[PDB]
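Take a look at the structure set out below.
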Amino acid sequence: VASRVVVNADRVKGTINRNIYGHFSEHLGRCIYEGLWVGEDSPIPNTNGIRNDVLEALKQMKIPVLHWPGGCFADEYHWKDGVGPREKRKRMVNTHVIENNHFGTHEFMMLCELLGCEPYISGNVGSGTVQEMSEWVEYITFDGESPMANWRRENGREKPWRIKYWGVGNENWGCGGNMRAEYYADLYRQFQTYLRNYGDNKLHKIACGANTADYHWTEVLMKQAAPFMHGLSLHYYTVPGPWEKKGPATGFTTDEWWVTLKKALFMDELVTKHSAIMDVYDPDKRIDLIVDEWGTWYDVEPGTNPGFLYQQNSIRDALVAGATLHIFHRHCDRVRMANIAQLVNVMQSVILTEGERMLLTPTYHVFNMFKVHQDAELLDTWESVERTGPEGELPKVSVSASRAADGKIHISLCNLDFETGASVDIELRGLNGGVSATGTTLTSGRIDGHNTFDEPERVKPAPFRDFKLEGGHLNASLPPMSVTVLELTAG
Amino acid sequence: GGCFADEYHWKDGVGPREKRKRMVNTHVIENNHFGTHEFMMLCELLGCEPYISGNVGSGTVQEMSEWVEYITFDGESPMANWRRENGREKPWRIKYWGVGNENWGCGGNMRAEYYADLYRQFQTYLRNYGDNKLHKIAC
Amino acid sequence: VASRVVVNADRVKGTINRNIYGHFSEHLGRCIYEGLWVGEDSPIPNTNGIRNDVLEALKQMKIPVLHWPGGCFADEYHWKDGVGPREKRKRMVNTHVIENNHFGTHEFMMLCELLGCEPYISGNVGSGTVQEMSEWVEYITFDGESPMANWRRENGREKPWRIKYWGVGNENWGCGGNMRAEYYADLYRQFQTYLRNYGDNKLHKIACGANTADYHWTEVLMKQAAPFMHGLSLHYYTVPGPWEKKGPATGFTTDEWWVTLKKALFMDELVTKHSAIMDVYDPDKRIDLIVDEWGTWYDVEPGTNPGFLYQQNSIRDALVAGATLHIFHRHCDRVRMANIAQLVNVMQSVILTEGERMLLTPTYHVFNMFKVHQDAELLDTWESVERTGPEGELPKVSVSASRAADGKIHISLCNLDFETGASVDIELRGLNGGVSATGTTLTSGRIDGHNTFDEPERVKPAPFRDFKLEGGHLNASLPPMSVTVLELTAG
Ligand SMILES: OC[C@@H]1O[C@@H](O)[C@H](O)[C@H]1O
Ligand SMILES: OC[C@@H]1O[C@@H](O)[C@H](O)[C@H]1O
Ligand SMILES: OC[C@@H]1O[C@@H](O)[C@H](O)[C@H]1O
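Residue numbers (the authors' numbering), protein chains in the order written: chain A, 3 to 98, 102 to 496; chain C, 72 to 98, 102 to 213; chain C', 3 to 98, 102 to 496. A prime marks a further copy of an entry chain.
Now the structure itself:
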């Protein structure tokens with residue numbers, strides 16, 4: 003009983019926008035402070051205050067876009083508190102957490118330039134003013150003379166920055182103001198009016214979209230505000246248990262494995278149904294769907310502060326990431342950005358740090374393996390896959406194929422069963438020449454296999470050779486609980 | 072304005088003329107040398123009524139309320155004291171007061187129903203000081 | 003410059019419900035009287051009062067479903083007027102048109118049995134009562150004792166008939182009561198409640214849907230009445246000129262050719278957008294979309310009564326029909342019935358009669374050539390086609406492929422350009438064996454080529470041989486202004 007797949011290598015169905023592989027960093031826990039920002043005089047080796055070990059790993063992963071500063075923090079942030087001389091930045095210290106605002110606009114834009122990624126900034130609607138947000142944009146982007154542009158120059162950046170992605174509030178249905186969609190849509194329309202295109206900059210204005218299955222939100226924002234947006238967001242976290250006892254990152258049950266993956270795959274139905282509503286108001290698909298919060302959310306590691314959201318990261322997280330990325334690919338006609346929550350030390354991170362030490366999570370390795378899909382052409386594939394899990398409720402395999410700019414084909418495959426391997430037969434159609442293939446696979450011997458600071462390489466990619474290629478068929482034996490990428494070269 | 076009215080912040084146009092806000096776009103210069111005092115003088119020289127449009131789209135309720143108070147109040151307050159420091163001892167009279175302009179478009183892309191609510195809110199705080207009587211105009 | 007197509011012969015995309023090839027006959031002009039019903043002692047040869055020449059032609063075409071009695075007539079009809087001793091039924095005559106009610110329920114049900122087609126009756130909401138409609142269903146379908154079933158037996162039909170398709174009013178936004186969607190939805194819910202399933206009969210209840218681009222109607226009916234319907238209708242006529250001067254059926258300009266075809270192809274946008282709204286409320290596509298009025302609508306033939314809607318029928322009509330049917334195929338995941346307006350002597354008919362004489366229109370020949378698509382499996386095809394018309398506004402070629410129950414493949418092609426032939430290269434993938442092909446084509450030497458009673462065979466199907474099949478490519482040279490079907494057999 004093999005899964006079967008046919009790849010039509012000559013039929014392109016869309017472009018997988020690189021920003022599908024995006025990231026998110028809030029001022030929360032150790033995502034910004036320690037995770038990225040250590041300060042110029044830290045003994046952790048750093049580039050202008052940003053730790054080198056993280057920088058180098060994120061560059062290798064080819065981070066395309068980074069969303070900052072929030073999350074809920076964005077609708078509480080007053081950007082002027084984060085610019086100017088470090089010693090006059092606003093300082094808050096709670097003894098029950103330090104926000105010293107040493108990382109602000111200039112440090113973020115420096116971060117993005119060091120990474121080679123797009124900045125994606127969210128302005129403050131819930132507790133901010135229209136002038137405040139307008140002034141932020143002007144500060145960043147205006148090349149003339151004004152109090153804001155002159156301030157930016159004073160603070161060390163002479164020429165403006167370019168920025169496309171601009172979020173007009175975040176989570177406005179909840180921590181960003183507990184707003185009705187109808188009320189948010191009016192604020193949105195008002196705020197966005199004053200966010201200008203200065204110089205040769207072109208803003209890509211993103212309205213706050215729904216939480217999970219709040220389809221009414223999407224309908225209202227589309228019906229009332231479509232002509233005034235370039236994108237609409239969507240938030241959906243994979244939470245295995247109930248809110249008050251989400252379940253652990255490691256040491257979990259087999260039931261928790263299956264439930265986690267089933268909940269992750271619910272993304273497909275969400276994206277489908279929100280997109281269907283968007284199609285009614287925007288049939289040409291002008292407006293991007295932006296899934297700017299996704300990923301797993303567990304109970305924090307025992308003994309850690311629940312407010313810091315620190316969780317471990319296992320092969321289970323790798324499967325969530327790979328299957329979710331595949332869902333985004335299948336919707337790349339409308340989904341054009343996604344941002345996993347969150348970059349470092351918080352929720353489903355690519356990196357965890359502990360002082361000067363760091364590790365790469367299994368989530369990191371999926372992003373780094375799947376980077377070959379960034380800006381690739383999605384190929385037409387059809388499939389008939391085995392089932393797995395209790396009552397066959399899950400697909401055993403998730404597969405996606407794309408063509409890179411040099412003509413190579415990448416086929417990525419997830420085996421969602423932790424107990425046995427998956428046989429897959431792939432037929433390749435529409436090739437001219439012959440092809441050869443190499444592979445890499447990410448797997449584990451344990452259902453909760455993970456990396457630690459003492460053992461940072463327990464779960465990492467390896468060469469994959471358990472396949473054969475002949476007569477236009479590639480037959481592969483995928484390991485249990487694995488993510489695999491095959492690279493095909495023509496000739 | 073026009074569209075400028077829902078972008079203007081009136082405080083930028085008062086005070087020592089030399090130290091007012093400057094903006095320049097290469098791609102147009104606004105030095106704010108013509109502001110509230112200069113406009114009110116202009117209307118007095120012409121013998122015409124002044125008709126000012128306050129900023130709803132990017133302005134705040136306090137900001138508009140303070141504009142009216144600055145112009146018209148004859149007592150002691152931070153705004154009236156500031157007007158006197160800026161060279162006008164007694165208040166001016168003004169009737170015609172626009173509570174935003176072009177709010178369906180360049181003044182905030184507002185639905186009528188939403189503008190009506192902001193209108194009701196903003197106008198509440200535009201007071202009749204001394205013997206002045208405002209004539210409030212909705213967009 | 004060939005159009006190119008690839009057929010994936012092993013990939014099925016859906017089932018083309020046979021009812022896509024449906025028809026519609028209203029009590030209007032000579033559609034029912036003379037067109038079908040001649041009376042038992044007419045010198046026109048007949049079977050139980052229905053003319054044999056039409057019967058035989060419709061059976062050969064494999065008519066799958068016939069909608070009666072309207073149109074606007076349905077929301078004026080009182081069915082009890084059409085049952086009982088034929089001689090004593092209601093008579094109306096307008097001098098300023103005769104309705105003797107000799108064709109009523111028994112005659113219609115007999116007609117469908119003789120044809121082997123499903124009956125599709127529209128009940129009267131606009132001027133009818135809930136009891137009246139409920140009694141109609143009971144009269145037709147109930148096998149016990151009751152006043153209605155006893156009456157049917159007295160009128161000569163002992164056992165009940167079966168009927169699936171039941172329209173709960175027609176054109177209720179216009180001639181069926183000038184209703185707002187919200188008000189119609191409420192009447193719909195009320196009327197349908199009383200339409201019972203008697204014996205082993207199962208009704209398929211159809212709500213009146215939108216006229217043309219009235220998307221609000223579809224939204225309201227889906228949101229308020231989806232759980233109470235099996236199907237929702239849609240109406241769209243191709244009208245070349247303005248309402249008051251639509252343009253003629255023959256002797257038209259080349260501009261009228263292009264405008265006609267462009268307007269016809271607007272069906273795709275309509276069906277797409279109405280279907281998108283349906284998907285929001287019915288994501289599993291339970292509810293059928295029924296396009297129960299479509300076709301061309303011209304000024305009547307000079308000197309004929311405008312109220313009788315008699316128009317000629319040319320190769321231009323054949324192209325409208327073939328391109329429209331192809332649009333329905335591409336939407337066969339949701340469109341499950343369609344009904345061209347109207348069957349005989351009215352609008353875009355398959356047959357025109359003049360006393361005992363009859364002719365087959367070019368529209369007939371499309372339906373008869375495309376019957377091979379009835380209940381077939383739609384195959385995955387992709388294409389890149391030449392453009393035609395002023396400014397390349399039209400596709401030069403429309404193509405569709407399906408697989409019949411015996412494994413043959415039919416590929417139909419329309420060439421929309423009247424000026425030159427169309428080269429097409431078709432690649433066949435996913436076959437095992439070799440294949441051979443035969444073809445038929447329908448074309449004319451004039452842009453308004455048509456059949457007349459004196460020359461009833463000027464435009465009719467002919468063998469098509471101008472193609473070659475080698476090395477899994479079928480290259481064809483389609484004639485100008487043509488509709489062609491290729492039949493492929495494996496081995
Ligand atoms: O502050 C914790 C918040 O909870 C979640 O809804 C958000 O993603 C995060 O900003
Ligand atoms: O400012 C440009 C604007 O165009 C028009 O809508 C307004 O009057 C004017 O202020
Ligand atoms: O009856 C005349 C009407 O015109 C169209 O609206 C309807 O199909 C037809 O019944």
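Note that beta-carbon positions come from the ideal geometry of N, C-alpha and C, so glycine has one too.
Assumed close pair residue i, residue j - CB separation to whole angstroms, cut-off 8 Å
i: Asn216/A; j: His240/A; result: 5 Å
i: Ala281/C'; j: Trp222/C'; result: Not confirmed; about 14 Å, so no contact.
i: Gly86/C; j: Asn160/C; result: 6 Å
i: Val340/A; j: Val296/A; result: 6 Å
i: residue 215/C; j: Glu78/C; result: This structure cannot speak to residue 215/C, because chain C is shown only from 72 to 213.
i: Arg20/C'; j: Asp380/C'; result: 4 Å
i: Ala231/C'; j: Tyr286/C'; result: 5 Å
Selection from the options that minimises the alpha carbon distance to residue i
i: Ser417/A; options: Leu384/A, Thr489/A and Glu475/A; result: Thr489/A
i: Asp148/C'; options: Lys267/C', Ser127/C', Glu391/C' and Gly204/C'; result: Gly204/C'
i: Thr448/A; options: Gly246/A, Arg321/A and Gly394/A; result: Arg321/A
i: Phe458/A; options: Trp387/A, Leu357/A and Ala323/A; result: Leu357/A
i: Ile332/A; options: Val355/A, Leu266/A, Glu361/A and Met352/A; result: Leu266/A
i: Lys401/C'; options: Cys33/C', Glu424/C' and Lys278/C'; result: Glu424/C'
i: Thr393/A; options: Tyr144/A, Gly256/A, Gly327/A and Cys419/A; result: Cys419/A
i: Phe108/C'; options: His29/C', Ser132/C' and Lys64/C'; result: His29/C'
i: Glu163/C'; options: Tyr144/C', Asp43/C', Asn175/C' and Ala343/C'; result: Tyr144/C'
i: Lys210/A; options: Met138/A, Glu492/A, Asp273/A and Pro245/A; result: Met138/A
i: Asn105/A; options: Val40/A, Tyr189/A and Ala212/A; result: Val40/A
Beta strand (DSSP E) segment containing residue i, residue limits
i: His415/A; result: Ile414 to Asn420
i: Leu383/A; result: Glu382 to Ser389
i: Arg6/A; result: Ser5 to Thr17
i: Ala190/A; result: Element bounds for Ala190/A: not the beta strand (DSSP E) but the alpha helix (DSSP H), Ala186 to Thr198.
i: residue 99/C'; result: In the model shown, chain C' runs from 98 to 102 with nothing in between, leaving residue 99/C' without coordinates.
i: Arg408/A; result: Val402 to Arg408
i: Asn480/C'; result: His478 to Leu483
i: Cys213/A; result: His209 to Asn216
i: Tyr242/A; result: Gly236 to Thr243
i: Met363/C'; result: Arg362 to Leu365
i: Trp171/A; result: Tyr170 to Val173
i: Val67/A; result: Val67 to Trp70
For residue i, the first and last residue of its enclosing alpha helix (DSSP H)
i: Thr146/C; result: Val135 to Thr146
i: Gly84/A; result: First-last for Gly84/A: undefined, no H or E at that position.
i: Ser280/C'; result: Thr259 to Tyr286
i: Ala328/C'; result: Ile320 to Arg335
i: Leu119/C'; result: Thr110 to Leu120
i: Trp222/A; result: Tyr220 to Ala230
i: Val56/A; result: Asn54 to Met63
i: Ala154/A; result: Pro152 to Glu159
Which residues DSSP lists as bridging residue i, in chain order
i: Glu104/C; result: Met94/C
i: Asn344/C'; result: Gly24/C'
i: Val464/A; result: Answer is none; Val464/A lacks a bridge partner.
i: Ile292/A; result: According to DSSP, which records beta bridges pairwise, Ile292/A is partnered with nothing at all.
i: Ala427/A; result: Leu483/A
i: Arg434/A; result: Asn10/A
i: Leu314/C'; result: According to DSSP, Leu314/C' bridges with nothing at all.
i: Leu357/C'; result: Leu364/C'
Report task. Using a Cβ-Cβ cut-off of less than 7 Å, list which residues of the region 417-437 of chain C' approach chain A; keep chain order. Result -> Within the region 417-437 of chain C', the qualifying residues are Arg434.
Query raised in the report: Taking a cut of 7 Å between CB atoms, which residues from the region 203-226 of chain A lie near chain C?
Result: Within the region 203-226 of chain A, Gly204 place their CB atoms closer than 7 Å to a CB of chain C, listed in sequence order.
Query - Residues of the region 274-295 of chain C' whose Cβ lies closer than 7 Å to any Cβ of chain A, in chain order - result: Against chain A - using a Cβ distance shorter than 7 Å - the residues of the region 274-295 of chain C' are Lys278, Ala281, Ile282, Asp284, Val285 and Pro288.
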